[PDB]
Structures are given as C-alpha cells and as structure tokens.
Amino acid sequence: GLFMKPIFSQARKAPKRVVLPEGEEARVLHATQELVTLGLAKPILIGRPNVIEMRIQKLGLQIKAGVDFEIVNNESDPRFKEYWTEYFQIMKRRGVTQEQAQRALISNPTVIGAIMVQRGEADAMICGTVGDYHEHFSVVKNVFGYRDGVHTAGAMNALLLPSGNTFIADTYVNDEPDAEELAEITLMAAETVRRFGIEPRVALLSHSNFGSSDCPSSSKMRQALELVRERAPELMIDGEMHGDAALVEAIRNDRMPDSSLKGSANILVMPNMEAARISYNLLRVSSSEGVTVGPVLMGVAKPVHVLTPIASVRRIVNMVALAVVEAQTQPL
C-alpha cells in the first residue's frame, strides 16, 4: 500500500477535523489514538462520554477529551436546535417532519456528523463501522449532494493481488448502473487513482470477450467505453473483456494484440454490483494480501467515506488520512 505513504505525509502537512460518528466503538477509539500520534487529523467522536472515557481506560489509551479529541454528546448538545433545523431545511420536502428531524439529530450519529461537515464545524467524516452502507450513504447523498459535473456516485475497493494493486467498480452504491453512470464512475475511479500517484490502466469487464455476446450487460459496457473515450481520450482503457485478460497481458495479446490497454489493469469496472462485491469478497478472503483503502466513495460534494462493519483499525486510520487530503483539495 505504498500509495498510502504520500497520503500520510500530505495529511500531517495540514491536519483537518474529521467526524467519526461511532465513537463508542473499540476500533474507532484505537484509530483515534493512532491518528493523534501520527498527527494526521483532529478527531471528533460522537457518543455518550460515559461510554467513551470508560472504554478508553479499559483499552489503556492516552487520548483524553478536550485536549486530544472533541466529544459531541448525541444525547445532550447545545447545538441540537441549530442542527435539526438545518437537516429539516434540507429534507423538509423529502419526507422529514420537524419531529422526525429532531429524533434524527439525537439517535442517528451519521446525520449529526454530516450536518457538522455541512455547517463547517468539521472538514470530513468517516462512518459505516456499524450498520449497512445505504443507511449511511442515504444520509450523505441527501445532505451533501453530488459535486458539480456529476450526476452519479460510486464506491471503489482495492486489493493487493499477485498481478499488482487492483481497484473494483461501484461495489456498494449502484446495483445495475447504466452506460452513462458507468462512464462517470470510470472517470471518477481513474481520477482517484491518478491522485494516489498511480497511472490509471482501466478494464471494463464482462463474460463477453470483445463482442462475443449481445446480452444487454455486454452491450452497456461497450457503450460506456465510447463515452469514456470521448471525455478522456488520453486515458488507458479497453474492453469489454474477460477478467483473466484484464490482469494477464499474455491472455489479452492472443485475443486483441493491438489492445490500447498495456500490461495488467489496476482498475476493474464491473457491469452490476453483484459481480463487483462477490468478486471483491471472494478475492479479498482468498487472492489478496492486505487491503489498503476501501470502500472509497467518489462523487459526493463533501469529503466523506462509508465503511463496513468488518473495517479494521488500519482501514479506519487509512480512510481518515485519505479524507484529510480530500478536504485539503476537492472531494473525490
């Protein structure tokens, strides 16, 4: 994960305030300790100070409130009225009553952190250590919106594979994206990887090997590729192709000797989420050797990432680090 090394360095240059809504989690508190020691961020945890301070003394951590990290009590906070008032303003015509907004800013810590970032009291947020992705992504898309020039959002997960470090298409946001949606995700994935210091080498995957099937999926991947070629004529990309051809140049030269994709692709764009998560899932527990980033959320208008319940202390740290560099420039 050498690509995380430059991010740790950039984050320490200008540490940013990062909200962590699940502040009573053992994995989150450990990461808060590491982030303070590394000096990459100024952590803001959300929860009951009774449960936070106690579990800190059960795990033996030096971090203390008011000094190393800020605590926001979801059950009591002078900023409550200013928060539910802003959430209502944003969701009043989206099914949220003043009462529904109030309950949210008390028992939904993801909404509290999102509103903090939206107000400007926080510069970034890392959530999803507990729950389901859409429980948290719904809130982030609703409060922050998309960034100028994008009408879709996607998630990218990375795996260290024998062939190299590989990234996978929307693994958690869109179930069956359309050609235009896939095109935007492809550009956002490529832009994200260039920002990690790596050259983007993109493969659009299918069971169709360069036109061998006419199913709507293979057909949508082919449409996606031209849209990408029109908008990014200098980006290394080719498809649609088999997985094996994306990773092994040899297998690809026998099928498309003059494929503009050189070497072994580092970015793999999938046609549907079922193919992406199952591949990502099966690869991680079998063919991978130490993930670094993921799930990387691209296209939201604020620096934010939703994670998964199995997210390790190293991932939370790495994703916070990434989100700080995100807050220094422009959201991914």
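One-based numbering along the sequence shown.
The PDB entry reports B-factors from which the mean C-alpha value can be compared for 151-159 and 75-83; the larger average falls on 75-83. The mean Cα B-factor in the deposited entry runs higher for 283-291 than for the other of 298-306 and 283-291. The PDB entry assigns its highest CA temperature factor, among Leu225, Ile115, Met125, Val140, to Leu225.
Per the deposited record, the Cα B-factor of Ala26 falls in the highest third when ranked against the other modelled residues of its chain.
In this PDB entry, the Cα temperature factor of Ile44 sits in the middle third of its chain's modelled residues. Ranked within its chain, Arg119 lands in the highest third, by CA B factor from the PDB record. When the modelled residues of the chain are ordered by C-alpha B-factor, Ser264 sits in the middle third. For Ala311, the recorded CA B-factor ranks within the highest third of the chain. Only modelled residues enter the ranking.
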